[PDB]
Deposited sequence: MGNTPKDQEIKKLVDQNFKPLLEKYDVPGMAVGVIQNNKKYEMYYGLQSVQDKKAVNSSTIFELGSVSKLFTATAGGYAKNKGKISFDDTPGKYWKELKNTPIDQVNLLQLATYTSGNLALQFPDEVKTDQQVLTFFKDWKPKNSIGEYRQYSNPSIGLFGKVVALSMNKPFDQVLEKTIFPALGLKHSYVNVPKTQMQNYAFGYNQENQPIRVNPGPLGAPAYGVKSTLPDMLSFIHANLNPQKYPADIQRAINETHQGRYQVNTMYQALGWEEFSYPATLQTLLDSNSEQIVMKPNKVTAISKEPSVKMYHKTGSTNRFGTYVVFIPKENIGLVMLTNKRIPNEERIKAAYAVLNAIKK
């Protein structure tokens, strides 16, 4: 292969490969896209029990990186006039009309500022019916819009609303509208029978294979599955939205707009945004316990940074994606085992700082 193929292989071998042994991770796929050329590295096993090696067809669970697709769907719906971000959920989910949650707008749900939604639903909320009841019974706490608390229920409700506004279930929004618009071929909410042989098992902390369908409203928060080639295409779309038809181009661009600031992090739709270059500490701070687990006061912005970069981490979901528009480069890491977020961020930082222009 080319000098570039070899260079990138060396950097990934040096920075990502050692994580497999360190965290006993069965399988990993790492991809780089630079100047619209894709570079794919595969390690280890898609399935331990089957001795099936990870390859370009291997479908991984994206975990929280799923939220980037929910964000894109929301951007799509907004730019087709199907929703306004100033709307409230009861406009679409009619059973929520004239309940307190109908005082929170869609942008606030998408960006985690309702003021009273935690990382997960309560343990007892297990079914679709129960999720609706939960939202009807909800009451505010922190001033709406003022505090960010990273939240699966919050973006789940956003996703449900987006689906309602497009008159189809969320899985169909992604599988029939958004994935095809992005040119993705093996990305799914529900992996079909024909692709099960390619679907990596996830592995818990005891090295046992786990496979569940998402909980109620779970799909918009953590329910997407994809391959490394598809994820590199998704990064390409984020790096070059102008090359795509207007409806999806406008959707992608919508996800890049910072909506508020928490210290050095700007919250966009799905994506976290930073002034570029971001220090390693800035990137690490974005995924600290303080930021991920606790409420933090937001500050309004009048402007985004002049030069930007974006990332998202995907807890058995070892996923990470990052891109830098100015350098026309991005990186994707997929694994089927938990790896601390800080290790993902550090490895990607080393690679992106070292790759030749």
Notebook entry, point to check: Relative to the deposited sequence numbered from 1, which residue ranges are unmodelled?
Noted result: 1-2, 317-318
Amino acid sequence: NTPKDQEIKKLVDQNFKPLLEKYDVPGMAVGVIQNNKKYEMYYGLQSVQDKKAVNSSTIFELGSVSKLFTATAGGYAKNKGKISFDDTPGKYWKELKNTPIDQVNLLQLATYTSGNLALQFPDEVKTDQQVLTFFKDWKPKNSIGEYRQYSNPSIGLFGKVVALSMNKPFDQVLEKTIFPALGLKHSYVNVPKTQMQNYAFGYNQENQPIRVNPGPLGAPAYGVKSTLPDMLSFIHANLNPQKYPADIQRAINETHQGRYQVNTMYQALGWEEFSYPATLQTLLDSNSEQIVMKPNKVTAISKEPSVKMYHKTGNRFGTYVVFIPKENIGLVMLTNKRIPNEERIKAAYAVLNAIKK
From here on, numbers count along this sequence of modelled residues.
Margin query: Quick check on the record: does 211-219 or 74-82 carry the larger mean Cα temperature factor?
Written below: 211-219
Checklist line | 199-207 set against 98-106, stretch whose average Cα temperature factor tops the other in the entry | finding: 199-207
Margin query: Among the choices 30, 48, 329, 298, identify the one whose CA B-factor in the record is greatest.
Written below: 48
Margin query: Take the CA temperature factors straight from the PDB entry and tell me which of 159, 270, 229, 183 peaks.
Written below: 183
Checklist line | residue 236 CA temperature factor, ranked by third within the chain | finding: middle
Note to self: Splitting the chain's C-alpha B-factors into thirds, which one does residue 173 fall into?
What the structure shows: middle
Next item on the list: Could you look up the Cα B-factor of residue 142 in the entry and say which third of the chain it sits in: lowest, middle or highest?
Entry: lowest
Next item on the list: Using the B-factors in the PDB entry, rank residue 124's C-alpha atom against the chain and give the third, lowest, middle or highest.
Entry: highest
Check: C-alpha B factor of residue 59, ranked within the chain: lowest, middle or highest third?
Finding: middle
